[PDB]
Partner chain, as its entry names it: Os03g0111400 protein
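Just the one chain here, the form deposited without the partner chain, laid out as structure tokens.
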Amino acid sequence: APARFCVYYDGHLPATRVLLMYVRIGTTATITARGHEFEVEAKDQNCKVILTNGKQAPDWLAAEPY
């Protein structure tokens, strides 16, 4: 029973990337980026850019593990 966590970032090269915020895999919350609100869902280590508003993240949206 290791530690599982999901992270969210914004479209930006690793040269000047910028972390948005950490999302604990315990409840459903919303993220604020580019004056927009992205409501993602965390179920486990397997996290994928998706919204609960019947829509999918943009082309400049991503989500790394941990």
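Positions refer to the first chain, counted from 1.
Although it is not shown, the form solved in complex with the partner chain is what the next lines describe.
Residue contact check for residue 12: none of its heavy atoms lie within 4.5 Å of the partner chain in the bound PDB entry. At a distance threshold of 4.5 angstroms between non-hydrogen atoms, residue 24 is in contact with the partner chain in the bound PDB entry.
Looking at residue 47, you'd find every heavy atom of it more than 4.5 angstroms from the partner chain in the bound PDB entry. Taking non-hydrogen atoms only, residue 20 approaches the partner chain to within 4.5 angstroms in the bound PDB entry. Although the partner chain is not shown here, in the bound PDB entry the stretch 36-66 places heavy atoms of just one residue, 66, within 4.5 Å of it.
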